[PDB]
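Presented below is the structure to which this report refers.
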Amino acid sequence: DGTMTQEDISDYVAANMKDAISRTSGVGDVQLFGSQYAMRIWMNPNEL
Amino acid sequence: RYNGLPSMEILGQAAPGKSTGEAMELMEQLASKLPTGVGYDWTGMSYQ
């Protein structure tokens with residue numbers, strides 16, 4: 001429905017799916033093809 | 001917390017004559033009428 005971007009999808013999977021899948025019966029390692037959201041502080045050296 | 005998600009453990013039992021299976025089957029139907037984003041699960045004796 002084009003309401004979620006690549007980054008939005010990766011966050012939801014990492015935040016609501018990965019942990020439970022990684023603890024599911026017979027599952028070894030789980031590799032996320034993306035990254036969970038973090039609070040990004042993008043600094044400006046001119047303003048600093 | 002239960003399986004990594006916030007939870008609230010609820011104990012209870014079947015009424016005189018009625019079985020555990022019947023009690024659990026009703027709780028499942030009561031749980032399906034709860035607000036959006038609220039799931040359920042069985043633990044301990046109920047898991048077995």
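Naming scheme: A, B, ... for chains in displayed order of the structure tokens; residues 1 onward per chain; ligands 1 onward as shown.
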Report as number ranges by chain the set of chain B residues whose atoms approach chain A to within 10 Å, with distances computed over only C-alpha atoms.
-> B: 3-5
Mind writing the picked residues with C-alpha atoms as a PDB file, in the first residue's frame?
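So the final result, stored in again18.pdb, reads:
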```pdb
ATOM      1  CA  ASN B   3       8.734 -14.330  25.042  1.00  0.00           C
ATOM      2  CA  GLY B   4      10.341 -10.819  24.982  1.00  0.00           C
ATOM      3  CA  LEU B   5       7.021  -8.827  24.823  1.00  0.00           C
TER       4      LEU B   5
END
```
With a distance cut-off of 9 Å and only C-alpha atoms, select the neighbouring residues of region 12-22 of chain B, excluding the residue or stretch itself and same-chain residues fewer than 4 positions from it, and output the selection as a ChimeraX atom specification.
-> /B:26-27,46
Include N, CA, C and O atoms and write out the residues we just selected as a PDB file, in the first residue's frame.
```pdb
ATOM      1  N   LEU B  26     -13.082 -21.039  25.727  1.00  0.00           N
ATOM      2  CA  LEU B  26     -13.874 -19.801  25.966  1.00  0.00           C
ATOM      3  C   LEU B  26     -12.922 -18.605  26.075  1.00  0.00           C
ATOM      4  O   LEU B  26     -13.175 -17.591  25.394  1.00  0.00           O
ATOM      5  N   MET B  27     -11.868 -18.728  26.892  1.00  0.00           N
ATOM      6  CA  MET B  27     -10.833 -17.680  27.110  1.00  0.00           C
ATOM      7  C   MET B  27     -10.250 -17.237  25.760  1.00  0.00           C
ATOM      8  O   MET B  27     -10.048 -16.018  25.583  1.00  0.00           O
ATOM      9  N   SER B  46      -0.807 -25.180  31.075  1.00  0.00           N
ATOM     10  CA  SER B  46      -1.675 -24.982  29.883  1.00  0.00           C
ATOM     11  C   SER B  46      -0.899 -25.291  28.595  1.00  0.00           C
ATOM     12  O   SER B  46      -1.531 -25.772  27.631  1.00  0.00           O
TER      13      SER B  46
END
```
